[PDB]
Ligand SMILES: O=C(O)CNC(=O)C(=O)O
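Single chain ahead, by itself, as structure tokens, in the form deposited without the named molecule.
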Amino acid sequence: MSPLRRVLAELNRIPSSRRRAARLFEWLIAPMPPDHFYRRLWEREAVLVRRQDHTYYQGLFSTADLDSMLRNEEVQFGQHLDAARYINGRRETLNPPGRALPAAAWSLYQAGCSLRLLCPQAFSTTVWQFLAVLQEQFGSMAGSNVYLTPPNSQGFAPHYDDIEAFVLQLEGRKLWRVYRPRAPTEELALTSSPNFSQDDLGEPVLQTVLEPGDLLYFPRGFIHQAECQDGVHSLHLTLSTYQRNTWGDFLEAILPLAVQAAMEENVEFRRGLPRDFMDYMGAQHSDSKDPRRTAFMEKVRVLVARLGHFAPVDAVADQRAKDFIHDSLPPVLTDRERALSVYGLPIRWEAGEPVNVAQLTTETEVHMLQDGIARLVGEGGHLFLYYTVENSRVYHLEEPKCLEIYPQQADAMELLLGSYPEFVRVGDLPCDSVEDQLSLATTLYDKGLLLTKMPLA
């Protein structure tokens, strides 16, 4: 048995979804320790992990699974699969219209075209499981792409991305070349770059041949390019995360709300501008010596600084959590979680008709299904519980899902969300009455958000 199915089997025996996420990441970069990685390497340097084990990722994804997908599923060119080549320093795209049947795909492959699968998780349960778990410890959507390159070729031109990449060599070997950010403004880039030329590139800060099992990491801003060696093809999966998840993004949402609050709460933000600032402010006056200009600029600077006092940091943090819930992949349940949830509730048929399949009582111990599937949020004064359980495996196919939380249950809801994975008697929930104590537990159980100590039926 490969280390991968062996860790997956282990994962099925780990109760805490949070701990599972930590465990899988640990596995992903073994033997390097997580704390060292996140504190010194993350968003700072390209890292390589030679695992001396060609069977490490075995079971995650193979060229055979790709072939099986194109044949079994409705794979579409462009939307799901791309065909590209990089010859004579030029990037080419031979994407045919419509479905990508095996016959067309392999014909392009033979023609030296690389094949790129955009959303493996939408078609592979293993890949879905992998990403679904890792997203919980990234605190950001974790996506993926699969790349298959023919012998003696290069599918894509050199460039850097707007996300943190994790390259998992799955089959064959390939020569990688990773460069350190060329200039200060490219460090931790916000957007993807245009295809670069070999001349515009400097000296590789890292150049090696990856083999099955190896892991290659590098933050956004680092240019990279790879090519297959002679007579051997390459297949690898790239895990990506942290797209537009910066302090700047956080501020972009904070500021508008801050100025509005400042104007409503403090009269100094409501006072009129001078009647003649147009005489010394503006491009025409960029070289003015009018002392009023200096005073004007100093006032803008202080007012801007004073905005931090009016910044609804918690609200914006909740809004980002909400969006994260929407971007999240649906959860992967363990045998236990499923068996102890509505998803494992059996249905008994008596005389052809379903005979009461089961019901929650005040003597039932429960706790959230998993740790990263729901988030309480305030909007318009009311509370709403946003969750991932109904999300599709395909990015944003489903709209935000939520269920309103009434004030007489707000505390009980926070407890459950904050006490995971501690079993709490439903009768011990902090509510007004027993009714609100059981209606909450039932609603949450029915949606598949809560699990019980022992099966109800």
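Quick note: we count residues from 1 along the sequence shown, nothing fancier.
What follows is about the form deposited with the named molecule bound, which we do not show.
>> Given the pose of the named molecule in the deposited bound form, superimposed onto this structure around the site, is the binding site open or blocked (3 or more ligand atoms closer than 2.4 Å to backbone or C-beta atoms counts as blocked)?
In response: In the deposited bound form, the named molecule occupies a site that, on this form, remains open once the ligand is superposed onto it.
>> Given a 4.5 Å cut-off on heavy atoms, tell me which of 96 to 104, 296 to 304, 251 to 259, 234 to 242 is the interface stretch with the named molecule in the deposited bound form.
In response: Only one stretch qualifies here: 234 to 242.
>> Contact with the named molecule in the deposited bound form for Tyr147, defined as at least one heavy atom pair within 4.5 Å: yes or no?
In response: Output for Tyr147 is yes: heavy atoms within 4.5 Å of the named molecule.
>> Considering non-hydrogen atoms and a 4.5 Å limit, does the named molecule approach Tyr217 in the deposited bound form?
In response: The answer is no: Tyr217 has no heavy atom within 4.5 Å of the named molecule.
> Taking 4.5 angstroms as the cut-off for heavy atoms, does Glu171 touch the named molecule in the deposited bound form?
Replying inline: No, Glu171 sits far enough from the named molecule in the deposited bound form that none of its heavy atoms falls within 4.5 Å.
> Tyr280 near the named molecule in the deposited bound form, any heavy atom under 4.5 Å?
Replying inline: Residue-level check for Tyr280: no, no contact with the named molecule.
>> To verify the annotation, which of these, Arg85, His80, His367, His224, has a non-hydrogen atom within 4.5 Å of the named molecule in the deposited bound form?
In response: When the named molecule is considered in the deposited bound form, the option within 4.5 Å is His224.
>> Can you pick out, from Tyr109, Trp176, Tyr387, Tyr179, the residue that has a heavy atom within 4.5 Å of the named molecule in the deposited bound form?
In response: By the 4.5 Å criterion, the partner-contacting residue is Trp176.
> Using a 4.5 Å cut-off on heavy atoms, what residues in 154 to 182 are near the named molecule in the deposited bound form?
Replying inline: Residues within 4.5 Å: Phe156, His159, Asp161, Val167, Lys174, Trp176.
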